[PDB]
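Next up is one chain by itself, shown in structure tokens, the form deposited in one PDB entry.
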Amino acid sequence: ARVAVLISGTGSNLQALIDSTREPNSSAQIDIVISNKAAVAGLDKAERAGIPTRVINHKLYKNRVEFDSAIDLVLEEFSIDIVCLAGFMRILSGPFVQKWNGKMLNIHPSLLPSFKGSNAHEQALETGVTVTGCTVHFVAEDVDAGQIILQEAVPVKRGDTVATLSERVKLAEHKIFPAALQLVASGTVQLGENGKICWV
């Protein structure tokens, strides 16, 4: 499968996907990396891996539909099969999400359905859970609410900050996101017509 990765920052998840798609017997290849922000380290990681990149600045669009269309134009230019959201921070519109249904994955740093939103660790700390984790899910219109592919539990340590907990969960992310990408790219895991996950 040909894969696009969208990002908005550091790209540590991008990096794990790059390394993984280049291991032997990979069903996926990363062909384009798109950022909505300039000058993020994820763009450097893509370029250093020999992967083309684009910056599509979301602030230059009247609305989300038009920003998404510019993304979609690049995805077509690159004949993309699967899109991975790896620290991508823009909520995508209905039509884009509908178009990519069953072909778009996201990594979220909690055990969904707990702690939806971009500040999951901050929610996890406030709430006092001792176990948090991460989730790879298909992207649906409802934020952080599409069908779950893989999850991994990560302990919370007494005295954790957002940063220490974030780092520990990232190590799990870098395991399940590549594994989930392989599952989808191989057709082992599909979104079924009834809107439910199915394993082949």
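Heads up, when I say rigid core I mean the largest set of C-alphas that superpose within 1.5 Å between the two forms. The first residue of the shown sequence is 1; numbering continues from there. Only residues modelled in both forms are compared.
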If you average the Cα B factors in the entry, which is higher, 129-137 or 39-47?
-> 39-47
Average Cα temperature factor in the PDB entry - higher stretch of 21-29, 172-180 = 21-29
Compare the CA B factors listed in the entry for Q151, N63, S166, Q147 and report the winner.
-> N63
In this crystal structure's PDB entry, the residue among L105, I91, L73, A120 with the greatest CA B factor is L73
Is the Cα B-factor recorded for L85 in the lowest, middle or highest third of its chain?
-> lowest
According to the PDB entry, is the CA B factor of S12 in the bottom, middle or top third of its chain, that is, lowest, middle or highest?
-> middle
For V3, does the deposited CA B-factor place it in the lowest, middle or highest third of the chain?
-> middle
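The discussion below concerns the form deposited in another entry, not included here.
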Could you check whether the CA atom of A163 moves 2 Å or more between the shown form and the other one, using the rigid core for the fit?
-> yes
For residues common to both forms, which consecutive runs of 3 or more show C-alpha displacement of 2 Å or more between the shown form and the other one upon rigid core superposition, listed in sequence order?
-> 58-62, 157-164
